[PDB]
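Student: Contents of entry-v8.txt (compact mmCIF, C-alpha atoms) are given next:
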# COMPACT_ATOMS: atom_id res chain seq x y z
CA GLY A 1 2.55 11.17 -6.51
CA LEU A 2 3.69 12.56 -3.15
CA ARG A 3 4.03 9.04 -1.74
CA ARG A 4 5.85 7.87 -4.87
CA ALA A 5 8.17 10.88 -5.18
CA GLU A 6 9.27 10.30 -1.58
CA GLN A 7 10.27 6.70 -2.34
CA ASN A 8 12.16 8.01 -5.37
CA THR A 9 13.91 10.27 -2.87
CA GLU A 10 14.13 7.35 -0.42
CA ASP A 11 16.27 5.41 -2.89
CA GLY A 12 17.68 8.67 -4.24
CA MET A 13 19.69 9.11 -1.05
CA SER A 14 20.55 5.40 -1.24
CA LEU A 15 22.41 5.93 -4.52
CA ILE A 16 24.49 8.71 -2.97
CA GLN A 17 25.03 6.59 0.14
CA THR A 18 26.66 3.79 -1.87
CA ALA A 19 28.70 6.19 -4.00
CA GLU A 20 30.32 7.67 -0.89
CA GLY A 21 30.83 4.18 0.52
CA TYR A 22 33.29 3.32 -2.24
CA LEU A 23 35.12 6.65 -1.94
CA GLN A 24 35.82 5.86 1.73
CA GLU A 25 38.48 3.25 0.91
CA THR A 26 39.75 5.40 -1.97
CA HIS A 27 40.58 8.07 0.61
CA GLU A 28 42.27 5.48 2.86
CA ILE A 29 44.73 4.23 0.23
CA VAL A 30 45.92 7.69 -0.81
CA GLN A 31 46.71 8.26 2.87
CA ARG A 32 48.69 5.00 2.85
CA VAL A 33 50.64 6.50 -0.06
CA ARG A 34 51.07 9.68 1.99
CA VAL A 35 52.73 7.95 4.95
CA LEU A 36 55.02 5.86 2.73
CA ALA A 37 56.11 8.98 0.83
CA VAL A 38 57.33 10.43 4.14
CA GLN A 39 59.43 7.32 4.78
CA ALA A 40 60.77 7.18 1.21
CA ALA A 41 62.01 10.78 1.07
CA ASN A 42 64.59 10.13 3.80
CA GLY A 43 68.33 10.14 3.22
CA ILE A 44 69.25 6.74 4.67
CA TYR A 45 67.66 4.35 2.17
CA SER A 46 69.27 2.52 -0.74
CA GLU A 47 67.79 1.90 -4.19
CA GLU A 48 67.05 -1.69 -3.16
CA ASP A 49 65.15 -0.44 -0.10
CA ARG A 50 63.29 2.39 -1.86
CA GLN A 51 62.11 0.10 -4.66
CA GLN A 52 60.40 -2.16 -2.10
CA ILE A 53 58.34 0.90 -1.21
CA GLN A 54 57.61 1.31 -4.93
CA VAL A 55 56.42 -2.31 -4.92
CA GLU A 56 53.50 -1.46 -2.64
CA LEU B 1 33.67 -4.60 0.15
CA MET B 2 31.95 -4.86 3.54
CA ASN B 3 31.27 -1.12 3.53
CA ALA B 4 29.89 -1.35 -0.01
CA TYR B 5 27.92 -4.46 0.95
CA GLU B 6 26.37 -2.53 3.84
CA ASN B 7 25.31 0.40 1.64
CA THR B 8 23.66 -1.70 -1.08
CA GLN B 9 22.00 -3.97 1.49
CA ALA B 10 20.62 -0.86 3.19
CA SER B 11 19.56 0.40 -0.23
CA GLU B 12 18.01 -2.98 -1.04
CA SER B 13 15.79 -3.35 2.03
CA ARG B 14 14.31 0.13 1.55
CA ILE B 15 12.75 -1.15 -1.70
CA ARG B 16 11.62 -4.63 -0.64
CA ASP B 17 10.85 -4.64 3.09
CA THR B 18 7.63 -3.04 4.30
CA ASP B 19 7.14 -0.43 7.03
CA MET B 20 5.13 -1.84 9.93
CA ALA B 21 4.13 1.63 11.15
CA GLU B 22 2.76 2.68 7.75
CA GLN B 23 1.11 -0.59 6.72
CA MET B 24 -0.74 -1.27 9.99
CA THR B 25 -2.63 2.00 9.46
CA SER B 26 -3.81 1.08 5.96
CA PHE B 27 -4.53 -2.49 7.09
CA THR B 28 -6.89 -1.18 9.78
CA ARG B 29 -8.43 1.26 7.28
CA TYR B 30 -9.79 -1.61 5.19
CA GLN B 31 -10.71 -3.72 8.23
CA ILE B 32 -12.99 -0.92 9.44
CA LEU B 33 -14.55 -0.61 5.99
CA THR B 34 -15.04 -4.39 6.05
CA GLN B 35 -17.22 -4.17 9.16
CA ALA B 36 -19.22 -1.13 8.05
CA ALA B 37 -20.50 -2.67 4.81
CA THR B 38 -21.09 -6.02 6.51
CA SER B 39 -23.03 -4.38 9.35
CA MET B 40 -25.01 -2.23 6.91
CA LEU B 41 -25.65 -5.33 4.78
CA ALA B 42 -28.32 -6.61 7.17
CA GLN B 43 -30.10 -3.27 6.78
CA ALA B 44 -30.67 -3.98 3.09
CA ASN B 45 -31.83 -7.55 3.78
CA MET B 46 -34.47 -5.96 6.03
CA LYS B 47 -35.03 -2.94 3.76
CA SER B 48 -37.89 -4.23 1.62
CA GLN B 49 -39.56 -6.49 4.21
CA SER B 50 -41.69 -3.56 5.43
CA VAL B 51 -43.88 -3.33 2.30
CA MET B 52 -45.42 -6.69 3.22
CA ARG B 53 -48.43 -4.79 4.59
CA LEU C 1 5.47 -27.45 -3.74
CA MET C 2 4.06 -25.34 -0.91
CA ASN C 3 3.90 -22.31 -3.21
CA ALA C 4 1.85 -24.29 -5.74
CA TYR C 5 -0.30 -25.79 -2.96
CA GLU C 6 -1.56 -22.32 -2.02
CA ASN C 7 -1.95 -21.10 -5.61
CA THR C 8 -3.85 -24.23 -6.65
CA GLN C 9 -6.17 -23.85 -3.66
CA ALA C 10 -6.88 -20.19 -4.46
CA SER C 11 -8.03 -20.94 -8.02
CA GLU C 12 -10.05 -23.97 -6.92
CA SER C 13 -11.72 -21.95 -4.15
CA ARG C 14 -12.80 -19.19 -6.55
CA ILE C 15 -14.91 -21.64 -8.58
CA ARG C 16 -16.21 -24.14 -5.99
CA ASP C 17 -16.68 -22.20 -2.74
CA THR C 18 -19.62 -19.80 -2.66
CA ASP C 19 -19.85 -16.14 -1.69
CA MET C 20 -21.80 -16.44 1.57
CA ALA C 21 -22.37 -12.68 1.68
CA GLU C 22 -23.81 -12.40 -1.85
CA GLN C 23 -25.72 -15.67 -1.49
CA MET C 24 -27.70 -14.04 1.32
CA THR C 25 -28.62 -11.13 -0.98
CA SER C 26 -30.57 -13.33 -3.39
CA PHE C 27 -31.84 -15.66 -0.66
CA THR C 28 -33.57 -12.85 1.24
CA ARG C 29 -35.03 -11.40 -1.97
CA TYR C 30 -36.61 -14.69 -3.03
CA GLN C 31 -37.78 -15.40 0.53
CA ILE C 32 -39.85 -12.21 0.56
CA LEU C 33 -41.38 -12.96 -2.85
CA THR C 34 -42.64 -16.21 -1.35
CA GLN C 35 -44.55 -14.17 1.24
CA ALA C 36 -45.91 -11.84 -1.45
CA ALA C 37 -47.20 -14.76 -3.52
CA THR C 38 -48.78 -16.44 -0.49
CA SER C 39 -50.45 -13.17 0.51
CA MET C 40 -51.80 -12.54 -3.00
CA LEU C 41 -52.84 -16.21 -3.12
CA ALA C 42 -55.28 -15.73 -0.23
CA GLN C 43 -56.80 -12.57 -1.70
CA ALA C 44 -57.25 -14.28 -5.07
CA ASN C 45 -59.40 -16.86 -3.28
CA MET C 46 -61.46 -14.14 -1.57
CA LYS C 47 -62.14 -12.79 -5.08
CA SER C 48 -64.57 -15.68 -5.63
CA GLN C 49 -67.30 -14.83 -3.11
CA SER C 50 -68.15 -11.51 -4.80
CA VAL C 51 -71.19 -13.08 -6.54
CA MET C 52 -72.59 -15.46 -3.91
CA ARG C 53 -75.15 -12.82 -2.90
CA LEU D 1 7.07 15.86 1.36
CA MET D 2 5.82 13.90 4.37
CA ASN D 3 4.46 17.15 5.81
CA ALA D 4 2.95 17.91 2.39
CA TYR D 5 1.63 14.33 2.33
CA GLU D 6 -0.20 15.02 5.60
CA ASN D 7 -2.06 18.03 4.18
CA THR D 8 -3.28 16.47 0.93
CA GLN D 9 -4.42 13.22 2.57
CA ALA D 10 -6.40 15.20 5.14
CA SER D 11 -7.68 17.60 2.47
CA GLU D 12 -9.34 14.80 0.50
CA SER D 13 -10.92 13.29 3.62
CA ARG D 14 -12.65 16.63 4.22
CA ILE D 15 -14.18 16.42 0.74
CA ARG D 16 -14.55 12.74 -0.17
CA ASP D 17 -14.68 10.83 3.12
CA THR D 18 -18.04 10.40 4.81
CA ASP D 19 -19.13 11.74 8.19
CA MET D 20 -20.31 8.70 10.15
CA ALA D 21 -21.93 10.80 12.88
CA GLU D 22 -23.94 12.85 10.38
CA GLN D 23 -25.17 10.02 8.16
CA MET D 24 -26.22 7.52 10.84
CA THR D 25 -28.85 9.92 12.17
CA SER D 26 -29.77 10.95 8.62
CA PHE D 27 -30.11 7.26 7.74
CA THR D 28 -32.67 6.82 10.52
CA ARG D 29 -34.68 9.89 9.50
CA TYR D 30 -35.30 8.61 5.97
CA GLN D 31 -36.18 5.16 7.32
CA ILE D 32 -38.54 6.72 9.88
CA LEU D 33 -40.40 8.75 7.25
CA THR D 34 -40.87 5.70 5.01
CA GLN D 35 -42.17 3.55 7.88
CA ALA D 36 -44.62 6.26 8.93
CA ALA D 37 -45.71 6.96 5.34
CA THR D 38 -46.08 3.21 4.74
CA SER D 39 -49.10 3.05 7.06
CA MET D 40 -50.58 6.21 5.55
CA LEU D 41 -50.69 4.61 2.10
CA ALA D 42 -52.46 1.69 3.77
CA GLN D 43 -54.82 4.15 5.47
CA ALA D 44 -55.90 5.66 2.14
CA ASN D 45 -56.68 2.31 0.50
CA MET D 46 -58.88 1.13 3.38
CA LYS D 47 -60.61 4.53 3.52
CA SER D 48 -62.84 3.92 0.49
CA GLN D 49 -64.79 1.13 2.22
CA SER D 50 -66.83 3.75 4.12
CA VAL D 51 -69.14 4.30 1.13
CA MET D 52 -70.18 0.64 1.24
CA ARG D 53 -73.38 1.64 3.09
Take the structure in this file and express it as structure tokens.
Tutor:
Amino acid sequence: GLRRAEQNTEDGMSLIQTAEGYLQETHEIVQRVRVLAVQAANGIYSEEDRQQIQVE
Amino acid sequence: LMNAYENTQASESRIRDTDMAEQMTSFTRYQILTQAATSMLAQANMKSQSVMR
Amino acid sequence: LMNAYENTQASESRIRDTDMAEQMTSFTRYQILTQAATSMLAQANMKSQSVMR
Amino acid sequence: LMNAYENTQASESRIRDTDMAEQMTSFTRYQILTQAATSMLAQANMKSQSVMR
């Protein structure tokens, strides 16, 4: 049982490892929204220009 | 996708691939027991030859 | 084809090839009983001369 | 668990596993007694021929 329960833990950490692996890119994209929101909130853009930001 | 491919591939090998450090110990455990019974086997072949007197 | 070549050989070996270790177990046993019979054979002949006097 | 694995594996070997040093000498002692006693049983059978005079 001790040998088996360790392998259950061995793949137990594997499940958490893959779950965080997907959340890595999820964090990246919301940052890409963050930088674009800084550009969009300016006072020099037109509706044609700001909608191209909305496209992405 | 590459990051997710890495994580599942790492998760995959931990189930399929064997550990050389762990398995070589158990492999030698049986190889020793193989020689002990084989060596002691000739004792039994000579065990009952002594009552021939 | 290679996978079946090994598997076919394993099943064929288990019925044709002998167990050299176990085959010695019964060979030595029957070899000693030959000595016992030959020893008792001589003493059964010496049983005869008990009445020649 | 690996530390706990170390204890339980060693614990069983102190109870179930053999002691090769202890038994090899003990194996010879029982064989020695039988070989010595083997001649004694042969001594008793040949003893009764003394009264043949």
Student: Box in all listed atoms of segment 31-44 of chain A, axis-aligned, with 4 Å more on each side; write out centre and edge lengths in Å to one decimal as lines of an AutoDock Vina configuration file.
Tutor:
center_x = 58.0
center_y = 7.9
center_z = 2.4
size_x = 30.5
size_y = 13.8
size_z = 13.0
Student: Skipping near chain neighbours, those fewer than 5 positions away, what residues fall within 12 Å of segment 26-34 of chain B using all atoms listed in the file, listed as number ranges by chain?
Tutor: B: 19-21, 39-41; C: 21; D: 17-18, 20
Student: Given a cut-off of 8 Å, which residues of chain A touch chain D, counting only C-alpha atoms, written out as number ranges by chain?
Tutor: A: 2-3, 6
Student: Quick one: residues within 7 Å of segment 17-28 of chain A, only C-alpha atoms, excluding same-chain residues fewer than 2 positions away - as a ChimeraX atom specification?
Tutor: /A:13-15,30-32 /B:3-4,7-8
Student: Using C-alpha atoms, can you export the residues from the last selection as an mmCIF file, in the frame of the given file?
Tutor:
data_model
loop_
_atom_site.group_PDB
_atom_site.id
_atom_site.type_symbol
_atom_site.label_atom_id
_atom_site.label_comp_id
_atom_site.auth_asym_id
_atom_site.auth_seq_id
_atom_site.Cartn_x
_atom_site.Cartn_y
_atom_site.Cartn_z
ATOM 1 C CA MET A 13 19.690 9.110 -1.050
ATOM 2 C CA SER A 14 20.550 5.400 -1.240
ATOM 3 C CA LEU A 15 22.410 5.930 -4.520
ATOM 4 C CA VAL A 30 45.920 7.690 -0.810
ATOM 5 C CA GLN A 31 46.710 8.260 2.870
ATOM 6 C CA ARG A 32 48.690 5.000 2.850
ATOM 7 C CA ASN B 3 31.270 -1.120 3.530
ATOM 8 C CA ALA B 4 29.890 -1.350 -0.010
ATOM 9 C CA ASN B 7 25.310 0.400 1.640
ATOM 10 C CA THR B 8 23.660 -1.700 -1.080
#
Student: Give me, as an mmCIF file with C-alpha atoms, keeping the file's coordinate frame, the residues of chain B touching chain C, with the criterion being at most 7 Å (counting all atoms listed in the file).
Tutor:
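This went into iface_19.cif:
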data_model
loop_
_atom_site.group_PDB
_atom_site.id
_atom_site.type_symbol
_atom_site.label_atom_id
_atom_site.label_comp_id
_atom_site.auth_asym_id
_atom_site.auth_seq_id
_atom_site.Cartn_x
_atom_site.Cartn_y
_atom_site.Cartn_z
ATOM 1 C CA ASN B 45 -31.830 -7.550 3.780
ATOM 2 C CA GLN B 49 -39.560 -6.490 4.210
ATOM 3 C CA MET B 52 -45.420 -6.690 3.220
#
Student: Hey, can you check how far atom CA of residue 50 of chain D sits from atom CA of residue 53 of chain C?
Tutor: 19.8 Å
